[PDB]
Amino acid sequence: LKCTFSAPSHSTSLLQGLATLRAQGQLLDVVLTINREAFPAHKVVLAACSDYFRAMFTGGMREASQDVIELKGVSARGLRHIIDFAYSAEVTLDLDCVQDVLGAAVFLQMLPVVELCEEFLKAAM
């Protein structure tokens, strides 16, 4: 009588739970820094939706093991939006911030955010 059952709302509920844990400052295990600005996160969450972060945290230049990692290559504002996306599946865009977000999304290999930025640009033009 063996049968497999699925819970279609589970991935959404799990994502919401991850975001409430970050907001409560709980179980965090990395702080990414851009210049002097600090971005706390869960390595496993970022690794699960970006092959860039996955490579960084599961191999790496001895940064894989660090608790505080200086991130080069994107703007601080871009990184802020990308992390908030990882925990929410959403991004809030305007023409002032889209350069930062889109550049960061390409660099950090988060194609769904690239596509959302392109949708925004079609509408804003």
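Residue numbers run from 1 along the displayed sequence.
Q: So 70 to 78 or 57 to 65, which one's hotter by mean CA B-factor in the entry?
A: Here the higher of the two C-alpha B-factor means belongs to 57 to 65.
Q: Averaging the C-alpha B factors as listed in the entry, name the stretch that ends up higher: 89 to 97 or 25 to 33.
A: It is 89 to 97 that shows the higher mean C-alpha B-factor.
Q: Based on the deposited C-alpha B factors for this chain, I'd like to know if residue 109 is in the lowest, middle or highest third.
A: Answer is middle: the recorded C-alpha B-factor places it there.
Q: When the modelled residues of the chain are sorted by Cα temperature factor, does residue 9 land in the lowest, middle or highest third?
A: According to the entry, residue 9 has a C-alpha B-factor in the chain's highest third.
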